[PDB]
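Working notes, beginning with the structure itself.
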Amino acid sequence: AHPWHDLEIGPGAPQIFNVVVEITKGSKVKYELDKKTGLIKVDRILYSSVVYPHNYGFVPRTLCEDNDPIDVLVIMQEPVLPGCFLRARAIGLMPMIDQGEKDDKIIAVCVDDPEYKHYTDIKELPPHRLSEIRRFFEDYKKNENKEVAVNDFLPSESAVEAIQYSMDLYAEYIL
Amino acid sequence: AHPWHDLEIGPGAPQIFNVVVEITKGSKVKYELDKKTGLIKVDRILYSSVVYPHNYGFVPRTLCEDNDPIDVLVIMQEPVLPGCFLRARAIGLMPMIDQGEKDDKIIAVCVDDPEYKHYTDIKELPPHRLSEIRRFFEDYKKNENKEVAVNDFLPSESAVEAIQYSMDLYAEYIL
Amino acid sequence: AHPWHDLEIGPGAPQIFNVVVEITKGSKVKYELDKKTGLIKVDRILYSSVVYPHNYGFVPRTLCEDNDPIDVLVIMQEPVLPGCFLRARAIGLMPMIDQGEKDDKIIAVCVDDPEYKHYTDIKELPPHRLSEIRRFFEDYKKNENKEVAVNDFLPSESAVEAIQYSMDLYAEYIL
Ligand SMILES: [Mg+2]
Ligand SMILES: [Mg+2]
Ligand SMILES: [Mg+2]
Numbered sequence: 033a034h035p036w037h038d039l040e041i042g043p044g045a046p047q048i049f050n051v052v053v054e055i056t057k058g059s060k061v062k063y064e065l066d067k068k069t070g071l072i073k074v075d076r077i078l079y080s081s082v083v084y085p086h087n088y089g090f091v092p093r094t095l096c097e098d099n100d101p102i103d104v105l106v107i108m109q110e111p112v113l114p115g116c117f118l119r120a121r122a123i124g125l126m127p128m129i130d131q132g133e134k135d136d137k138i139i140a141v142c143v144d145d146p147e148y149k150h151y152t153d154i155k156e157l158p159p160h161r162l163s164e165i166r167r168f169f170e171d172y173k174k175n176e177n178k179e180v181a182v183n184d185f186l187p188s189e190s191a192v193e194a195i196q197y198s199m200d201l202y203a204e205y206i207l
Numbered sequence: 033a034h035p036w037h038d039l040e041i042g043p044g045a046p047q048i049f050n051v052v053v054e055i056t057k058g059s060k061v062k063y064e065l066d067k068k069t070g071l072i073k074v075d076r077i078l079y080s081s082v083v084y085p086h087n088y089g090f091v092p093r094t095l096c097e098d099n100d101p102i103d104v105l106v107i108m109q110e111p112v113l114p115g116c117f118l119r120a121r122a123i124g125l126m127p128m129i130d131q132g133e134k135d136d137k138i139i140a141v142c143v144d145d146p147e148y149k150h151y152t153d154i155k156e157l158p159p160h161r162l163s164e165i166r167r168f169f170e171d172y173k174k175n176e177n178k179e180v181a182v183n184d185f186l187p188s189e190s191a192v193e194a195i196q197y198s199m200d201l202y203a204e205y206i207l
Numbered sequence: 033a034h035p036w037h038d039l040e041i042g043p044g045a046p047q048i049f050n051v052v053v054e055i056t057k058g059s060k061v062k063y064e065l066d067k068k069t070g071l072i073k074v075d076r077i078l079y080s081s082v083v084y085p086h087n088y089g090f091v092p093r094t095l096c097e098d099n100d101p102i103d104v105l106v107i108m109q110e111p112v113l114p115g116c117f118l119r120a121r122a123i124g125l126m127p128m129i130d131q132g133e134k135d136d137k138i139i140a141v142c143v144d145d146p147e148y149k150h151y152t153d154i155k156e157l158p159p160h161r162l163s164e165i166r167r168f169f170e171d172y173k174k175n176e177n178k179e180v181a182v183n184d185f186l187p188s189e190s191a192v193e194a195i196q197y198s199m200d201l202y203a204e205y206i207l
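Just so you know, the protein sequences line up as chains F, P and E, in that order. If you count the first sequence from 1, you need to add 32 to reach UniProt numbering. If you count the second sequence from 1, you need to add 32 to reach UniProt numbering. If you count the third sequence from 1, you need to add 32 to reach UniProt numbering.
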């Protein structure tokens, strides 16, 4: 199964959905799905002594304006390996700009993680968590001389609307 | 290749056989094969501060009464990653009951591990190893309020008979 | 996608090319691509207390006299996981003999690693690095009672010629 096209989004979408992990919490390696093959590839090694703050990946059968599936950061107890998928609930949305292009990220929790599965909104999180996440995306390409502006987080309903829209775009631009 | 259906069981089956690893020794993440896609998914994060005592997975082209392929715990020197497979010899069988349902596990060694490849029966193992394994399966779902009873281990020939039966069930219930 | 057959070698071949990693830097597990299925398998656990000095794998759509794709050792900042691929530049060639059979290895860097992407020849590396690499391949099967002779390293152009030849052999012996 191709993890973008063949894996189902999950019956509970857009509220709950599968996430294919590309990058493990704590990693300096920026892995990405290779869209053509469905394999995981090294896009690059980060140019700063920084690491992804949480597991990170994408939602199957979604599509954004950047021609990628929608991105998700998944808060949970444990590191998850690239290429594996998990079930997640959207709890907030982080709008941002990467060199003039929209690049919004979903903030989610794993619904099968007994510690985090009961979160439904990012306002429930310790605020430092949000501060660290925002700072990561403002920092992680600085040493590539690439400009990343991050805006204020939005609530879970904004995230759910983003997911739904990306489902629609995928369904439209398929065949 | 779908790792359940397309990967061969191995010429030496039922005595020696491929094992597709789902969970690495030391992990708190309960990964599982997603039967439909052949991808590895997070089933859950364990609900106790426990970890899998050994690499853990399943045998291709097998089927049990629980509609899953047969489960195998593989004793060896080194952690193995989810989605990779290895060659194993069955050396014992651990019968158990998960909430009233049969859920027996094969105890095996990796035949390509110079340290463990010469084991042919669980009675050859340091007995604590068996004690820790049994205790793990009695413990690991307790905090999910799920009941798991584990019975006395059986010899390698009982394990080989279990494997063979699960080969037969797979061959029957295919097409 | 089958990682040997279906993944492209990369537009820049033979100078720059995809590498599918089989073994992570620091590993004692000798993983290998299973040619038939495209899955990663445990070939064996190394028989000495040694570990791979760098990430290690193969180039898609190549073929050598040993009926395997050509082998590559990839020098870079970070460990890469089995089954993932990356973009690499050939910077040298290590000729060797494994029990009377040719088994030459490419020495490469990851072109997406900001630290190493500017290397074009192995003479640019700290010489100890070459000493450690050579010694690894002279050591790692000793305890299997298998004989491995390693010869003097050759420059990047020798590596590029090896890659190109292995591309040709693959194209010939396909269908
Ligand atoms: Mg993305
Ligand atoms: Mg199972
Ligand atoms: Mg090889």
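Ideal placement from N, C-alpha and C gives every residue a C-beta, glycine not left out.
Chain-ordered neighbours of residue i on chain E, where CB pairs are closer than 7 Å
| i | result |
| --- | --- |
| P:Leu39 | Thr69, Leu71 |
Cα-Cα separation, residue i to residue j
| i | j | result |
| --- | --- | --- |
| F:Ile139 | F:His34 | 24 Å |
| E:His37 | E:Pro43 | 15 Å |
| F:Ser163 | E:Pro146 | 27 Å |
| P:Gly70 | E:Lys178 | 37 Å |
| E:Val61 | F:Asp130 | 39 Å |
| residue 243 of chain F | P:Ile206 | Since the first residue shown for chain F is 33 and the last is 207, residue 243 of chain F is missing from the structure and cannot be characterised. |
| P:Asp144 | P:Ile48 | 11 Å |
| P:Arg167 | F:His150 | 29 Å |
| P:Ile102 | P:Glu193 | 12 Å |
| F:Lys134 | P:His86 | 45 Å |
| P:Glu156 | P:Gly89 | 22 Å |
| F:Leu95 | F:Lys137 | 13 Å |
| P:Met128 | F:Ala122 | 37 Å |
| E:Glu97 | F:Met126 | 53 Å |
| P:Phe169 | P:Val182 | 7 Å |
| F:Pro158 | P:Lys68 | 37 Å |
| P:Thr56 | F:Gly132 | 42 Å |
| F:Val180 | F:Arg161 | 19 Å |
| F:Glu204 | P:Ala203 | 41 Å |
CB contact below 7 Å: residue i versus chain E
| i | result |
| --- | --- |
| P:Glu110 | yes |
Residue i at chain P interface by Cβ criterion, 7 Å
| i | result |
| --- | --- |
| E:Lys60 | yes |
| E:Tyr79 | yes |
Beta-carbon proximity list for residue i, same chain, < 8 Å, skipping 5 on both sides
| i | result |
| --- | --- |
| P:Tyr148 | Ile107, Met108, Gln109, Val141, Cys142 |
| P:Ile72 | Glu54, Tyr63, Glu64, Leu65, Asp66, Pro114, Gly115 |
| E:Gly58 | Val83, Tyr84, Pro111 |
| E:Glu40 | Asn50, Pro92, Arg93 |
| P:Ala120 | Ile48, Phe49, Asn50, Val51, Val104, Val106, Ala140, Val141, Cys142, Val143 |
| E:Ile77 | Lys60, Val61, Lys62 |
| P:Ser198 | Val91, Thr94, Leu95, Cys96, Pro101, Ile102 |
Chain P residues whose Cβ lies nearer than 8 Å to that of residue i
| i | result |
| --- | --- |
| F:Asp144 | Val74, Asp75, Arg76, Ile77 |
Residue i: contacting residues in chain F (beta-carbon distance under 9 Å)
| i | result |
| --- | --- |
| E:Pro35 | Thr69, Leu71 |
| P:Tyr63 | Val112, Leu113, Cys116 |
7 Å Cβ shell around residue i - same chain, five flanking residues per side excluded
| i | result |
| --- | --- |
| E:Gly124 | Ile139, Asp153, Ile154, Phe185, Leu186, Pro187, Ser188, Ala191 |
| P:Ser80 | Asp171, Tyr172, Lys174, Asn175 |
| E:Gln196 | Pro46 |
Under 7 Å from the C-beta of residue i: neighbouring residues of chain P
| i | result |
| --- | --- |
| F:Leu118 | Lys73, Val74 |
For residue j and residue i, believed in contact at Cβ under 8 Å, the rounded distance
| i | j | result |
| --- | --- | --- |
| F:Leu118 | P:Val74 | 4 Å |
Same chain, Cβ closer than 6 Å to residue i, neighbours up to 5 away in sequence not counted
| i | result |
| --- | --- |
| E:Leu201 | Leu95 |
| P:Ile165 | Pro85 |
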